[PDB]
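Quick setup: one chain, the form deposited in one PDB entry, written in structure tokens, and binding and motion questions come after.
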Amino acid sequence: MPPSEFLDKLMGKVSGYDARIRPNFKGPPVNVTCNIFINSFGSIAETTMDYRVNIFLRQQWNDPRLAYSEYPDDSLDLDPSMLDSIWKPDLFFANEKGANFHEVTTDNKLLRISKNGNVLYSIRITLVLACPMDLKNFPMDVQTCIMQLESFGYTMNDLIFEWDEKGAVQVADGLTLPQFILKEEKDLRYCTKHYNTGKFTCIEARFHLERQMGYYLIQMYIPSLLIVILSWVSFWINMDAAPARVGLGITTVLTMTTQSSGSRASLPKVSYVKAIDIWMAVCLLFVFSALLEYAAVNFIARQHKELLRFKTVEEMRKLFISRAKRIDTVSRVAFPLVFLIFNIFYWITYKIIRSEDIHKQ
């Protein structure tokens, strides 16, 4: 008994199978369960607000036709090249920045058909997907990225889409991201779409990504800290008159402004203020304040010298010098202390907000 005669028997010009007609026509909507296997997640760009994922898409539906009930085997794996002679549903992705099918050697496809009529359809697809990330807290944040599967041409009365009760979303073993940690939560919900044309089914899968803090420390938090320490050296060491303190102050201020511009390089231009902006602004304020402190002490020394040119005169020299030394020593102790206070509030507030986000999620 040849397989060929069976293959054209089911689907052919002698069979009444029209591939342009939905199963259960003039009937209850076609229920379709959708399964996702993630082969390779990654390539997340804040500039373009998108990420690229290579997935395996499995969708199962039951057709009343194509129930063979002849061969002694429950299921049979069929050729991928015959997938044009059946009723595949029309499933697109809403937030799509273009996608390409895989044609390495033969088509990366799969067809299976059971005795009752159940069809299993599996497709490999690279999907560039748009994620509108919110960078309110840039180095420490959780981003939720959306995958939506929708019916372009069929309203709710036909082709309803559902998720799979067990193992709807899977991930390949040992799949890692250099910048992000994928969270094994993957909350699944469905949001229907309303248009003037009609009401169309959609189902959504949500992925949670946290940011590694290892890179951001070394790149942008340690060097800014070092520049603040460099500004700190001027107070406890250099004499009141120096052609170097002004140099140290201008070099530290200029490097901080270049570093501040540096931080906003990969980042897209956005109106709101990020956490990294708050840190760089405070460090720039500290360095600027250090230069202004030296400026104030130099000016007090100028009054000492101006009065000096004009015993009774000796009484005021000591008070100006004591004032200059007093403000120098108090600056010396105060600026690392107030920097420490800023660090403990900044770090604990971002820690708590980090805990806070999961409740909304």
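Each form is matched to the other, and the largest set of C-alpha atoms that superpose within 1.5 Å is called the rigid core. We number the residues from 1 along the sequence you see.
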{"property": "Other entries omitting residue 314, at least a third", "result": "yes"}
{"property": "Residue 26 unmodelled in at least a third of other compared entries", "result": "no"}
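If you look for the form deposited in another entry, you will not find it shown, but the lines that follow are about it.
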| query | finding |
| --- | --- |
| From 237, 188, 125, 171, residue displaced between this form and the one not shown - CA threshold 2 Å or more, rigid core | 237 |
